[PDB]
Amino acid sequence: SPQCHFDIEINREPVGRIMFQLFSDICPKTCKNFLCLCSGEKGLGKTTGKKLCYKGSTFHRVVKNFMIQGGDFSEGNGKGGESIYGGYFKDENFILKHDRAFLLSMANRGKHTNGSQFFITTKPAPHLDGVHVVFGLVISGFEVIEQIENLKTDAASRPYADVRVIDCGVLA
């Protein structure tokens, strides 16, 4: 099972590393996208012209007791990002359920609109089953997730503080 990490700073304070386990058996296309966004190895986005990489991206949507969301590397507000395939790719499958906290799952705007945005749940969310593709699990950095989850947000659930992926990468 491949692994990859984010190193997080909040307002430039280093707060720790989130380590992900990806389930590339069940969701190979989805995990390959997420992995390549961690290494940045695929270069410039085909529809966005921005680097296909999470490094320097933010968490732009936070809902306490629900989830934290990031990966919009082109707009930082939920409107952007795209996959390594060029624009969006199909919902690979909905085999894995949102049956626990700390799952990694694809953000979307309807069927088959997977790009680069992802979210991490902080509780079971079964109403999302068959809606968002689950492809991974956080296996370390729970305190980081907690910290991000408790940030003050505005009316659009956007954190006021800078929640920054300062580094990220694929593990051996």
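Numbers follow the displayed sequence, beginning with 1.
Could you check which stretch, 27-35 or 43-51, carries the larger mean CA temperature factor in the entry?
Looking at the recorded C-alpha B-factors, 43-51 comes out higher on average.
Should residue 132 be placed in the lowest, middle or highest third of its chain by the C-alpha B factor in the entry?
Answer is lowest: the recorded C-alpha B-factor places it there.
Taking the values exactly as deposited, rank residue 71 by C-alpha B-factor within its chain and report the matching third: lowest, middle or highest.
Lowest third of the chain for residue 71's C-alpha B-factor.
Would you mind checking where the Cα B-factor of residue 108 ranks among the modelled residues of its chain, as the lowest, middle or highest third?
Tercile = lowest for this residue's CA B-factor.
Would you please rank residue 61 by its C-alpha temperature factor against the other modelled residues of its chain and give the third it falls in: lowest, middle or highest?
Middle third, going by the recorded CA B-factors of the chain.
What third of the chain, by the recorded C-alpha B-factor, contains residue 172?
Highest third.
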